[PDB]
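So the structure is just underneath, and the comments pick up after that.
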Amino acid sequence: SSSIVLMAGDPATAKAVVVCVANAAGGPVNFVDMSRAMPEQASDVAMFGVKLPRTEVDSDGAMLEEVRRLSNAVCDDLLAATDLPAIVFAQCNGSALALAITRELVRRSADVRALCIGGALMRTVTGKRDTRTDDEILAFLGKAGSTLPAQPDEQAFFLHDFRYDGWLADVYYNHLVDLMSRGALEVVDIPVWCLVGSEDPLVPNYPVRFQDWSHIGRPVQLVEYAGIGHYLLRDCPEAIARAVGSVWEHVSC
Ligand code: NA
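Structure, rendered in structure tokens:
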């Protein structure tokens, strides 16, 4: 019934915690390999994965309400589990919920010290809804290098969850763009790391656009993973665990 799951370390002995939001259509399972690397690459950091219930909602307003509910539930469970300094991690579309979680942690005066986002850039314009067909999505994801299920059952579940996560992230970022249009989005004094595979085709012009994360927090740091595409949790999970360890090192004081 908890919104989070302990995947590595032990909060009774750790020096910090990282709470992790999965890529589109993903969940804690997508972090298994990364978690297995944490004791070696990030010894002092315990790791929680966020469960994505994909609560049914009937409007953009209800989706935003759901983002708030889910982020609040994650903060509830995290702070109930640990007082340790916290790093928030997200891959790709999970960035939306990660931002919400980070902002709520800041609102609660929790000891949140960094935001680390893989394979995503800040959105500064109202987005476009996804009207592609299922075959169009699968062709696009295949070209981008995604892993895709072969069983039609798994394909249907994947496409449902992918469409849901894209809707959630579009609604949340559109909300942030609205706030920014009124000067109502406060930058938080939380450093931001943007981790990008140099061959990632979904973050165009990231060497310049990564700095847009400064609408969220500051300072902003870019780290490039040469030879890697968009799927950092699949193709260099040890490197991302190490990235979390490095963040902790940077914010440990
Ligand atoms: Na990935």
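Per the deposited numbering, residue 2727 is the first one in the sequence shown, and the count goes up by one each step. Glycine is no exception: its CB is placed at the ideal position from the N, C-alpha and C atoms.
Check                                                                                                                : Outcome
Residue environment, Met-2773, which counts as buried when at least 16 other CB atoms sit within 10 Å                : buried
The stretch 2885-2897 touching the stretch 2928-2945, judged by at least three CB pairs closer than 8 Å              : no
CB of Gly-2971 within 8 Å of CB of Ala-2768, strictly                                                                : yes
Supposed contact pair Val-2776 and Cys-2801 - C-beta distance, whole angstroms, cut 8 Å                              : With 8 Å as the limit, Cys-2801 and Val-2776 do not qualify as a contact, their Cβ atoms being about 11 Å apart.
Close-in-space but distant-in-sequence residues of the same chain around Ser-2821 (CB under 8 Å, 5 per side omitted) : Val-2747, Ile-2843, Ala-2846 and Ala-2895
Proximity to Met-2760 [Cα-Cα], best of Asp-2915, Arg-2968 and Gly-2868                                               : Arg-2968
Own chain partners of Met-2764 with C-beta closer than 7 Å, once the 5 adjacent residues on each side are dropped    : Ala-2734, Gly-2735, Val-2771, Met-2773 and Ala-2967
Counted within 10 angstroms of its Cβ, other Cβ atoms place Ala-2870 as buried (16 or more) or exposed               : exposed
Rounded distance between the beta-carbons of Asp-2891 and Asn-2819, thought under 8 Å                                : 5 Å
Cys-2979 - DSSP class collapsed to helix/strand/coil                                                                 : coil
Buried versus exposed, by CB contacts within 10 Å (16 or more), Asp-2803                                             : buried
Cα-Cα separation between residue 2983 and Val-2832, rounded to whole angstroms                                       : As displayed, the chain neither begins before 2727 nor continues past 2979, which places residue 2983 out of reach and without an answer.
Residue 3029 - partner residues in DSSP beta bridges                                                                 : Outside the displayed span of the chain (2727 to 2979) sits residue 3029, for which this structure offers no information.
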